[PDB]
There are 2 protein chains.
Amino acid sequence: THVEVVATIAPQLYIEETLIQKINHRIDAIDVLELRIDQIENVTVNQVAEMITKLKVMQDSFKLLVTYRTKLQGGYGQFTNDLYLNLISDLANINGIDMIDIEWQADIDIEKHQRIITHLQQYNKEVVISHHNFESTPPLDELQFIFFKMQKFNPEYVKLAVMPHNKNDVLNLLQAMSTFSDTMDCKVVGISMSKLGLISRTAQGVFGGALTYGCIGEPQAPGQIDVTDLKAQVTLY
Amino acid sequence: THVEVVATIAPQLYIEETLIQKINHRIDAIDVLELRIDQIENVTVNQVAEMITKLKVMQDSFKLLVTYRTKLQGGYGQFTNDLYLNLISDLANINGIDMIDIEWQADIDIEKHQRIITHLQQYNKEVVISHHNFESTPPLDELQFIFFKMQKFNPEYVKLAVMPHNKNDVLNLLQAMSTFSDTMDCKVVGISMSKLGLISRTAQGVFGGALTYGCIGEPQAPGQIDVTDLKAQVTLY
Ligand SMILES: *C[C@@]1(O)C[C@@H](C(=O)O)C[C@@H](O)[C@@H]1O
Ligand SMILES: *C[C@@]1(O)C[C@@H](C(=O)O)C[C@@H](O)[C@@H]1O
Ligand SMILES: [Li+]
């Protein structure tokens, strides 16, 4: 496994020259730029397209992933489910997007999720289907079943982010992703959050995961480190 | 856990000034200098004492560990068991030694091992009781039982080094050391060898282990990295 390094950013509507300078300073470390958008209250596809245009010089160095992380999965986004899913579907129309995050949880409308995913894939977008538990790390068998349900949508990536309470929870997440990687077709990404889980981010490739997320400024999630230091780590394993 | 970094050396009877200079150049990275001696055919306590003087160990720089690794546990040492154990016991008489490795395996004479360990401890030596499997990684429960048997001798450290052939084997070693660390009094050290196991060496402290072994020149065991890079890694977790 060669792990791709994802740099998470979270600008308001007007992306600042100072952010552009920070990205450029880390350019060799960035395989994917993750534009978070849930922090933009009442964000529209038009506004997203405007932001993407400003990040079109370094297009040649990285893929662009757009993520709207809902409040209930630990982000800022307060859209109702229908507005959220309408946003995700509309992102297909932006040419400069390469990857799109869509959230999985137990209450989703399956056939609708599959219609959206098919739609994004028809538009040549890579789909990351994601699930987050900021409270705890379910037991091994449960983490595996979550991976199982997410992969039935035939995404390009399945991503599971969980919060460890102890060392065993960290090892369970690593085991879940390792067993998935050895047995299943699509790419997997596991994150054990917080300082305790940092090893999941640095040794992600050892256990067969495809992406690791870091930051440019402050951590955008518990345990994130700067992408320059993250790239150096990934290269060691 | 603050992990101590061990630098493994394996010189001939006459230690060359060039080695001493390499050690001194890495003094900030070295908490323990491990003088391997099994590579000296028919080595005596007198010859070990001569080599120790030749190191000219400076006050307050690193602890000195002396290790005779037997051929059957993956070293070079061809001593019969009685000669081996007589060597281990005689090491107590060398003032400059701080720590001594003694090997555990299923067929040991327990009461004799305990007599020797008590003896070393009466001489103010820290005892590292160690076990190595260069072939494979036993299952979790077996790794735990090995740790259990080794700790009954009330050593200062229990050390288990095993060879992974897949991701689950690496995770099993990490789980065994973590559970030991959480439940038992004495210090624990775990090594999953080879490149696949490198994470056990760099994230040792995450899982509660007390030592991590690296090299000066060439790797002295599969997966070792240079102690300067090892110290930097330990500091990240
Ligand atoms: C995928 C994701 O939730 C992982 C977070 C992390 O823990 O690094 C960062 C988020 O920006 C990201 O969408
Ligand atoms: C403890 C020990 O057997 C571990 C080896 C390793 O895998 O780094 C190095 C040996 O010198 C050492 O005694
Ligand atoms: Li690392």
Side-chain angles (χ1 to χ4, degrees), chain A residues 6-10 32 34-39 65-70 73-76 101 103 128-132 134 157 159-163 189-194 197-203 206 211-215 219-225 229-230 232-237, chain B residues 6-10 32 34-39 65-70 73-76 101 103 128-132 134 157 159-163 189-194 197-203 206 211-215 219-225 229-230 232-237:
Chain A
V6 182
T8 308
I9 62 168
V32 176
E34 175 176 45
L35 184 64
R36 286 287 286 278
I37 56 163
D38 45 288
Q39 75 285 350
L65 161 68
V66 173
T67 299
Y68 185 101
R69 181 72 56 240
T70 67
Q73 295 225 19
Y76 293 92
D101 188 290
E103 291 173 9
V128 185
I129 181 159
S130 67
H131 180 70
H132 311 77
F134 271 81
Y157 301 80
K159 184 180 63 110
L160 174 63
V162 291
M163 181 66 62
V189 182
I191 302 186
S192 184
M193 293 178 276
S194 85
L198 177 56
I199 56 164
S200 68
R201 305 184 179 269
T202 58
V206 173
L211 301 174
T212 191
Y213 295 68
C215 56
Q220 297 287 338
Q224 282 202 342
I225 58 167
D229 306 331
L230 191 53
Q233 286 292 123
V234 153
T235 301
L236 292 172
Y237 295 99
Chain B
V6 181
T8 306
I9 64 170
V32 179
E34 177 174 46
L35 181 64
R36 283 285 288 280
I37 58 164
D38 45 288
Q39 75 284 352
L65 165 67
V66 171
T67 299
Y68 185 100
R69 184 71 57 242
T70 67
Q73 296 221 17
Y76 293 91
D101 185 292
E103 292 176 6
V128 183
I129 184 156
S130 68
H131 180 71
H132 312 77
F134 273 83
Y157 300 80
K159 184 182 63 116
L160 177 58
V162 290
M163 182 66 61
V189 181
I191 302 183
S192 185
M193 298 181 264
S194 88
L198 176 57
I199 195 60
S200 71
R201 304 187 179 271
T202 54
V206 174
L211 302 176
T212 191
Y213 296 67
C215 59
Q220 297 285 345
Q224 283 199 345
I225 59 168
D229 309 329
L230 192 50
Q233 286 291 305
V234 152
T235 304
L236 293 171
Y237 293 101

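In listed order, ligands and their atoms are each counted from 1. The chains referred to below are lettered A, B, ... by the order of the sequence lines, with proteins before strands, and numbering in each begins at 1.
Of all heavy-atom pairs spanning A/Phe134 and A/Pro222, the tightest one is CE2-CD, 3.8 Å. Closest approach of A/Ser130 to A/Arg69, counting heavy atoms only: OG-NH1, 3.4 Å. In terms of heavy-atom proximity, A/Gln220 sits nearest to A/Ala10 at OE1-CB, 3.7 Å. Shown here for B/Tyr213 and B/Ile191, the closest heavy-atom pair between the two residues is CD1-CD1, 3.8 Å. Nearest approach of A/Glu34 to A/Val6, heavy atoms of both residues: CB-CG1, 3.6 Å.
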Enumerate the pairs of nitrogen or oxygen atoms, one from ligand 2 and one from the protein, separated by less than 3.5 angstrom; state names and distance to 0.1 Å.
residue: ligand 2; atom: 3 (O); partner: B/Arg69; partner atom: NE; Å: 3.2
residue: ligand 2; atom: 3 (O); partner: B/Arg69; partner atom: NH2; Å: 3.3
residue: ligand 2; atom: 3 (O); partner: B/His132; partner atom: NE2; Å: 2.7
residue: ligand 2; atom: 3 (O); partner: B/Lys159; partner atom: NZ; Å: 2.8
residue: ligand 2; atom: 7 (O); partner: B/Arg201; partner atom: NH2; Å: 2.9
residue: ligand 2; atom: 8 (O); partner: B/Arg201; partner atom: NH1; Å: 2.9
residue: ligand 2; atom: 8 (O); partner: B/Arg201; partner atom: NH2; Å: 3.4
residue: ligand 2; atom: 8 (O); partner: B/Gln224; partner atom: NE2; Å: 2.9
residue: ligand 2; atom: 11 (O); partner: B/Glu34; partner atom: OE1; Å: 2.8
residue: ligand 2; atom: 11 (O); partner: B/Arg36; partner atom: NH1; Å: 2.9
residue: ligand 2; atom: 13 (O); partner: B/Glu34; partner atom: OE2; Å: 2.7
residue: ligand 2; atom: 13 (O); partner: B/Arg69; partner atom: NH2; Å: 2.8

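At least one side-chain heavy atom of B/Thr8 sits less than 4.5 Å from a side-chain heavy atom of B/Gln224.
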